[PDB]
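So the structure is just underneath, and the comments pick up after that.
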Amino acid sequence: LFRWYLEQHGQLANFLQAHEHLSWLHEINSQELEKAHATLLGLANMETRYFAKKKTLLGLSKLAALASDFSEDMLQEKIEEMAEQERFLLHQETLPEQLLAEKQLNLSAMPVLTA
Amino acid sequence: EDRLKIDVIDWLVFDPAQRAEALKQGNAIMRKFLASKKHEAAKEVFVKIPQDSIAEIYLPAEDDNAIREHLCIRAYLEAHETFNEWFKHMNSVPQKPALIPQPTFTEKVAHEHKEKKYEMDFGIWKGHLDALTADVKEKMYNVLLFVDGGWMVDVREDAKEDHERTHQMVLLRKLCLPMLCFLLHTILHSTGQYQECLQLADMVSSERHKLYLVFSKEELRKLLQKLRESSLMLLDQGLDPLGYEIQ
């Protein structure tokens, strides 16, 4: 597996190599949505290198969870604990377009900033 | 009965003092046709509405919404006029030169040229494509991200009850927003814009639009098996699932 990553039926070995962070992929495929949601949120959290990407993962996590089969209670929890994440992010999101050309910042190719 | 309805429009358009009623009724009629996807029907009605109707009419809650609905409908139509052109083009790619194995020295040169001309056309058919892709995309984001309250969503909230229309406006959103998303995904995938494909999961889930409520659970998964497909091609290119360099 570590000798496949360093480098059809190669997608059946991709099915097994997708074990690890590529998890969510073979999880959407296996129709394991709830599972895809857990790892999609987990990869959203560790995410610090790219803002545009931390934003994409949550969106996916969320669309995974919504499309999954949680009870209306559990679902309401996933989307509330989520609504929080989106709430912090929205901050870096609404950064004015005057200071982001002043500070000569990359639009999307910038990091996940902290409070 | 199609004609009965598309003909009652010219009667209301004739008298300029009923332009507010002509538009409103034009909307209703076009709401029935949209639910059937009769776009040549909807548009044949859409032209009967004088291009300067909006200007003159200038506001009851019933006229503010019908003006908004009309433009929403134009935003929708234009999002199918430009796709069918784009789509028609995607299916007219220059064909490779035919090979004549064991060629005469005559056939060798005719082919050195047919092979050099094709390597000019395929460049333009990506040229015209890019410009039809840049244009069809814009339209699909004008509908999906409709300004000031989402598509087919009233901004005015003080009109009198019209359950027929209101529920016609919820439905039109559930038939056409899942269908426009899947198209845009097909456009982005067809042109190899895979990073952006995956960014349909931001647009949809967004709390700014709440587009995900217009989706059935099944449609979602389907959109999630569409994105996992763009992702693959991004791995084949050597990038991570979402298109970002693997450091």
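Within each chain, counting starts at residue 1; across the structure tokens, chains are named A, B, ... in the order shown, with ligands numbered 1 upward in that order.
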
Considering only C-alpha atoms, return as a count of residues only whatever protein or nucleic-acid residues lie within 12 Å of residue B:43, sequence-local ones (same chain, fewer than 5 positions apart) excluded. 21

Distance-based interface of chain B with chain A, 10 Å, counting only C-alpha atoms, as a ChimeraX atom specification: /B:198-207,212-213,215-225,227-229,231-232,240-244

So that I have them on file, write out the residues from the current selection with N, CA and C atoms, as a short mmCIF file (atom, residue, chain, number, x, y, z; two decimals), in the first residue's frame.
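That gives us selection.cif:
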```cif
data_model
loop_
_atom_site.label_atom_id
_atom_site.label_comp_id
_atom_site.auth_asym_id
_atom_site.auth_seq_id
_atom_site.Cartn_x
_atom_site.Cartn_y
_atom_site.Cartn_z
N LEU B 198 -15.48 20.14 -7.22
CA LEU B 198 -15.56 19.87 -5.80
C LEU B 198 -16.07 21.06 -5.00
N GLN B 199 -15.91 22.26 -5.55
CA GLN B 199 -16.37 23.47 -4.87
C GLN B 199 -17.85 23.73 -5.11
N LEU B 200 -18.55 22.71 -5.60
CA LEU B 200 -20.00 22.76 -5.70
C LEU B 200 -20.57 22.33 -4.35
N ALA B 201 -19.73 21.71 -3.54
CA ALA B 201 -20.13 21.24 -2.22
C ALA B 201 -20.06 22.37 -1.19
N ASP B 202 -19.43 23.47 -1.58
CA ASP B 202 -19.44 24.68 -0.76
C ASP B 202 -20.67 25.49 -1.12
N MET B 203 -20.86 25.69 -2.42
CA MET B 203 -22.00 26.42 -2.96
C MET B 203 -23.33 25.86 -2.45
N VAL B 204 -23.47 24.54 -2.54
CA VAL B 204 -24.70 23.86 -2.15
C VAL B 204 -24.95 23.88 -0.65
N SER B 205 -24.01 23.36 0.12
CA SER B 205 -24.16 23.30 1.58
C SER B 205 -24.25 24.69 2.21
N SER B 206 -23.73 25.69 1.51
CA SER B 206 -23.69 27.07 2.02
C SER B 206 -24.93 27.45 2.82
N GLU B 207 -24.71 28.11 3.95
CA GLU B 207 -25.82 28.63 4.75
C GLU B 207 -26.34 29.93 4.16
N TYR B 212 -29.04 23.12 -0.25
CA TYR B 212 -29.11 21.71 0.11
C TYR B 212 -30.50 21.25 0.56
N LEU B 213 -31.36 22.22 0.87
CA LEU B 213 -32.72 21.94 1.30
C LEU B 213 -33.60 21.63 0.10
N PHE B 215 -32.63 19.81 -2.24
CA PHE B 215 -32.22 18.48 -2.68
C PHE B 215 -32.94 17.38 -1.90
N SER B 216 -33.33 16.32 -2.61
CA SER B 216 -33.75 15.09 -1.96
C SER B 216 -32.48 14.37 -1.51
N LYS B 217 -32.59 13.53 -0.48
CA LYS B 217 -31.43 12.79 0.01
C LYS B 217 -30.73 12.00 -1.10
N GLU B 218 -31.51 11.48 -2.03
CA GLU B 218 -30.94 10.68 -3.12
C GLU B 218 -30.10 11.55 -4.05
N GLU B 219 -30.63 12.72 -4.39
CA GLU B 219 -29.94 13.65 -5.27
C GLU B 219 -28.59 14.05 -4.69
N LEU B 220 -28.55 14.25 -3.37
CA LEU B 220 -27.30 14.56 -2.68
C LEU B 220 -26.24 13.51 -2.97
N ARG B 221 -26.48 12.28 -2.51
CA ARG B 221 -25.55 11.19 -2.74
C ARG B 221 -25.09 11.17 -4.19
N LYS B 222 -26.03 11.35 -5.11
CA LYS B 222 -25.71 11.37 -6.53
C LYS B 222 -24.70 12.47 -6.86
N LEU B 223 -24.85 13.61 -6.21
CA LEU B 223 -23.91 14.72 -6.36
C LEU B 223 -22.59 14.38 -5.68
N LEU B 224 -22.64 13.48 -4.70
CA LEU B 224 -21.45 13.06 -3.96
C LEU B 224 -20.69 11.95 -4.68
N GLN B 225 -21.34 11.30 -5.64
CA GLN B 225 -20.71 10.28 -6.45
C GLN B 225 -20.28 10.90 -7.76
N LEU B 227 -18.89 14.14 -7.56
CA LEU B 227 -17.69 14.83 -7.10
C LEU B 227 -16.51 13.89 -6.87
N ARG B 228 -16.79 12.69 -6.38
CA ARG B 228 -15.76 11.68 -6.17
C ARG B 228 -15.14 11.28 -7.50
N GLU B 229 -15.87 11.57 -8.58
CA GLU B 229 -15.41 11.27 -9.94
C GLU B 229 -14.45 12.32 -10.46
N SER B 231 -12.73 14.11 -8.39
CA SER B 231 -11.60 13.90 -7.50
C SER B 231 -10.58 12.93 -8.09
N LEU B 232 -11.08 11.80 -8.59
CA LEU B 232 -10.21 10.80 -9.20
C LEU B 232 -9.27 11.44 -10.21
N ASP B 240 -3.99 16.24 -4.59
CA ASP B 240 -4.86 15.62 -3.59
C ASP B 240 -6.32 15.62 -4.07
N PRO B 241 -7.22 14.92 -3.35
CA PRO B 241 -8.61 14.81 -3.79
C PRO B 241 -9.21 16.14 -4.24
N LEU B 242 -8.88 17.22 -3.54
CA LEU B 242 -9.52 18.52 -3.76
C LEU B 242 -8.73 19.45 -4.70
N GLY B 243 -7.62 18.95 -5.24
CA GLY B 243 -6.88 19.67 -6.27
C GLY B 243 -5.65 20.44 -5.80
N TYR B 244 -5.34 20.34 -4.51
CA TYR B 244 -4.22 21.07 -3.93
C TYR B 244 -2.94 20.24 -3.93
#
```

Tell me which protein, DNA and RNA residues are within 10 Å of residue A:114, counting only C-alpha atoms, leaving out same-chain ones fewer than 5 positions away, and put them as a VMD selection string. chain A and resid 48 88 to 89 92

Please provide as a list in words all residues within 12 Å of residue A:13, with the sequence filter that same-chain residues fewer than 2 positions apart are discarded (counting only C-alpha atoms).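 The residues that qualify are residues 1, 2, 3, 4, 5, 8, 9, 10, 11, 15, 16, 17, 18, 19 and 26 of chain A.
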
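Each of B:99, B:59, B:71, B:172 was checked against residue B:158 using only C-alpha atoms; the smallest atom-to-atom distance is that of B:59.
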
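In this structure, atom CA of residue B:159 sits 5.8 Å away from atom CA of residue B:62.
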
Among stretch 107-237 of chain B, which ones does DSSP place in helix (DSSP H, G or I), written as a PyMOL selection string? chain B and resi 107-144+163-190+194-198+200-205+211-214+217-236
